[PDB]
Each structure stands twice: as structure tokens, then as C-alpha cells.
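Below is one structure, written out as C-alpha cells; comments come after it.
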Amino acid sequence: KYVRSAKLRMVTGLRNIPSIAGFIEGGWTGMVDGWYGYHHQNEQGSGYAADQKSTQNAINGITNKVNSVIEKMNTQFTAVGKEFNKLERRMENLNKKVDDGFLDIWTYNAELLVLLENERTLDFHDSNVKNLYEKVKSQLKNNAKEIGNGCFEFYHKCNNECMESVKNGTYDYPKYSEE
Amino acid sequence: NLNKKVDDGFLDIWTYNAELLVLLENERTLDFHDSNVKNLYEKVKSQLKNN
Amino acid sequence: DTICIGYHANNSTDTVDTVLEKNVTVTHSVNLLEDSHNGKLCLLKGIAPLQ
Amino acid sequence: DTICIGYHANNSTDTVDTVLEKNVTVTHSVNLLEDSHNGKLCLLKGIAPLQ
């Protein structure tokens, strides 16, 4: 289809915030693998990461949004500008009015849909980050003195089994409560 | 030809508009329902800080 | 003893429009406005044009 | 000593469309697309049709 605009920025990712220490002041930069993941350090090692399930649901949302916007445009009509005499152009005037109205209306509709869906998906991404934030927050009521400032910590030490278990999301709150 | 073009354009445009409005309002009301559940959640949460 | 979350923010530098901000820069954007015409007439599924 | 909240989830099994998911099943949906024509001509507020 044709539109009479200059650009419609169908957008997939997140805001360019190039800033380990927290994304409130600035989003992670070294991350390359995906969208959202983890960076923790302990006695046993360290490392970056990118989560899978959140990113998989998100990219499913992306494919749904692109295929929606491409498959939610209906048929196309051969809008060829026809010809009329120098005596009958009331026909021509009305036809030009109709065609300009149609291209105008579709410009408006395409722009509005782009705005709507791009905002909605980017705030979807934001809300996904937030839900993972609150999920990891949940079990940590009293056994990791949360330093604030956007990034978390562990009150104590723990080995590979600890990091894998919290990787799943089942952090052992009462188990390590000896202070 | 012009009349068929006009009519097809109008039915097309209204198809688009009705579908879009349905999508918009149905999402908005279902998340309204979700947010209502959440507000009652936080309301009961409020006074239960330590007891 | 640290662990925390963040969103991958690469260097991609294309700007997208919002009703609440002026052309925010955001990483990924599969464009939708194809605007690259070859500039010359071409076949129609192999059937030559009646020039 | 338990108390908590939830949303009534009955067995209603009709599927509604979202821009973010494929035909989610949701309980109540008063349809809007009337598509039951009797299939035959009928009066117009009592005035017979000029057949």
C-alpha cells in the first residue's frame, strides 16, 4: 500500500541508554547476546547472561506485532488517476477529492497504528523487565540486605547450586537465615 | 468504477476502524480488571506490615 | 555477593517517534516504508509490458 | 489463619483476539457481529413489500 508520509519507525528494541551497577542511571552496554539477563559476582566466579523465556515471549510479541501490521492491511485497489474531458471535470474534481481523502485517511491511520503499537510493545518490554525485577525481589525479604540504587546483592556467600537455584527463581529465604 | 472504488474504500475503512476499536477497548477493559485485582491486593497488603 | 538485572542497550542509533517524546533513539527498528524504486520499467511476472 | 484474593475463573470457553496474543480464551464475551439472517423477505414495520 501507499502512504503520503516521510517515515514510519516500526520499532522493536529499547531506548538508547548506553550508561554491573544498575540500569536506573544507565542500561547495560557490554551485553550483546540478547535483551535481558543477569550479571552476578560471588566467590566462585562471575558472568553476564541473557534470559531465555522472557526474551522468547518478547520476540514472539515482536513477530506477532510485525505480522499483524503487515497482515492487517486489507485489499489494494488500482488507484490509477483516470482522465476526463475539459467539460466534464466535475467528475475529475470529485474523483480528485475522493482520492486525496483516501490517501490522507490512510496516512493518518498508518501513523496512528505505528504510534500505538510501538509504544505498547516498548512498554511491554519495560513491564517485562519490571516483572523479573519484582520476581527476584519477592523471596529476598530478609536474607539479602538490598543495597537499593537499582541493583541487588546477596547478604552472604553461596556456590554453584545457589546461583543455579536462584537462576530458576526459588531463592532459599529461610535456609540461610543464621543471622 | 469510481462508485465501486468509493464503496470498497468505505467498507474497508470501517472494517479497519471497528477491528481496531474492538482490540483497543477489550485490552483496556481486561487490564482494567487486572488492575482492580491488583489494587485490592495492595490495599489488603497495606496494613499488614509486621503482624 | 552482587546480583542484579538490566536490559541490553547496544549502540544502535536510529530514532523513532512517540506522541510523548521527540524521536527517541532505540536499538532495533525493522522499517516499514519501502522507498527504493529501481527507477525503470520492469517485467510483470515475466509478461513483457506493451510498450 | 489464611486469607487471600483471586479472580473467578469459570469454564467459559470462547476465544478473543489480542494484538499481543493469539485468540486468548476468556470467560464472558457479548458478541457484536450479528450474523443470523432468517433467509427470506419480511415486512418493514408492517408495510408490505412492493413485490
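Residues are referred to by chain and number: the chain letter is A, B, ... according to the order shown in the C-alpha cells, the number counts from 1 in that chain, and ligands are numbered separately from 1 in the order shown.
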Quick one: superpose chain C onto chain D using all C-alpha atoms paired in order, least squares, and give it to me as a compact mmCIF listing (two decimals) with C-alpha atoms, in the first residue's frame.
# COMPACT_ATOMS: atom_id res chain seq x y z
CA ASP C 1 -5.25 -18.41 59.60
CA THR C 2 -5.28 -18.00 55.82
CA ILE C 3 -6.80 -15.18 53.76
CA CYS C 4 -6.16 -14.20 50.15
CA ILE C 5 -7.66 -12.98 46.91
CA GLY C 6 -8.45 -14.32 43.47
CA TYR C 7 -10.43 -13.72 40.31
CA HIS C 8 -13.35 -16.01 39.48
CA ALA C 9 -12.26 -18.18 36.54
CA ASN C 10 -15.26 -20.18 35.32
CA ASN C 11 -15.20 -22.66 32.44
CA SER C 12 -16.42 -20.34 29.66
CA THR C 13 -14.54 -21.29 26.52
CA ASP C 14 -14.73 -18.60 23.83
CA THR C 15 -11.57 -17.10 22.35
CA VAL C 16 -10.92 -13.39 21.86
CA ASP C 17 -8.22 -11.71 19.79
CA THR C 18 -5.37 -9.55 21.07
CA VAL C 19 -2.58 -7.68 19.31
CA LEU C 20 -0.19 -9.41 21.74
CA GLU C 21 -1.53 -12.99 21.80
CA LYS C 22 -3.33 -15.46 19.52
CA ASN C 23 -7.01 -15.83 20.45
CA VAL C 24 -6.86 -15.98 24.23
CA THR C 25 -9.71 -17.85 25.91
CA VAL C 26 -11.69 -15.55 28.21
CA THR C 27 -14.93 -16.09 30.13
CA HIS C 28 -17.54 -13.51 29.11
CA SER C 29 -17.94 -12.04 25.63
CA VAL C 30 -21.15 -10.39 24.47
CA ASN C 31 -20.63 -10.77 20.73
CA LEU C 32 -21.23 -7.82 18.44
CA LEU C 33 -21.33 -9.38 14.94
CA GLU C 34 -24.95 -10.35 14.38
CA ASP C 35 -24.83 -12.93 11.58
CA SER C 36 -28.21 -14.70 11.73
CA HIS C 37 -30.45 -13.63 8.85
CA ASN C 38 -33.71 -15.54 8.57
CA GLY C 39 -33.06 -16.07 4.86
CA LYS C 40 -36.31 -14.64 3.50
CA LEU C 41 -38.07 -11.34 2.88
CA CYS C 42 -40.02 -9.75 5.71
CA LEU C 43 -42.28 -6.80 6.44
CA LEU C 44 -40.97 -3.28 7.04
CA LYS C 45 -42.68 -2.08 10.23
CA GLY C 46 -45.84 -3.73 8.90
CA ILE C 47 -45.93 -2.17 5.43
CA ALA C 48 -45.85 -4.92 2.83
CA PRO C 49 -43.05 -5.04 0.25
CA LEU C 50 -43.93 -3.99 -3.27
CA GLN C 51 -43.10 -7.43 -4.63
Chain B contacts to chain A at 12 Å (only C-alpha atoms) as JSON, numbers by chain: {"B": [1, 2, 3, 4, 5, 6, 7, 8, 9, 10, 11, 12, 13, 14, 15, 16, 17, 19, 20, 21, 23, 24, 27, 28, 49]}
DSSP-assigned strand (DSSP E) members of chain C, reported as a PyMOL selection string: chain C and resi 2-7+14-18+21-26
Interface residues on chain A facing chain C, 9 Å, only C-alpha atoms, written as JSON, numbers by chain: {"A": [2, 3, 6, 7, 8, 9, 10, 11, 12, 13, 14, 15, 16, 17, 18, 19, 20, 21, 22, 23, 24, 26, 27, 28, 29, 30, 31, 32, 33, 34, 35, 36, 37, 38, 39, 40, 41, 42, 43, 50, 66, 70, 115, 116, 118, 119, 126, 129, 132, 133, 136, 150, 151, 152, 153, 154, 155, 156, 157, 158]}
All helix (DSSP H, G or I) residues (DSSP, backbone) inside chain A, as a VMD selection string: chain A and resid 53 to 71 89 to 138 160 to 168 174 to 176
Atomic separation - CA of residue 58 in chain A relative to CA of residue 25 in chain A, Å: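 Atom-to-atom, CA of residue 25 in chain A to CA of residue 58 in chain A, that is 23.6 Å.
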Shell of 10 Å around residue 138 in chain A, only C-alpha atoms, local chain residues under 2 positions omitted, as a list in words: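 Selected residues are residues 132, 133, 134, 135, 136, 140, 141, 169, 170, 171 and 173 of chain A.
Straight-line separation from CA of residue 33 in chain B to CA of residue 60 in chain A: 24.5 Å.
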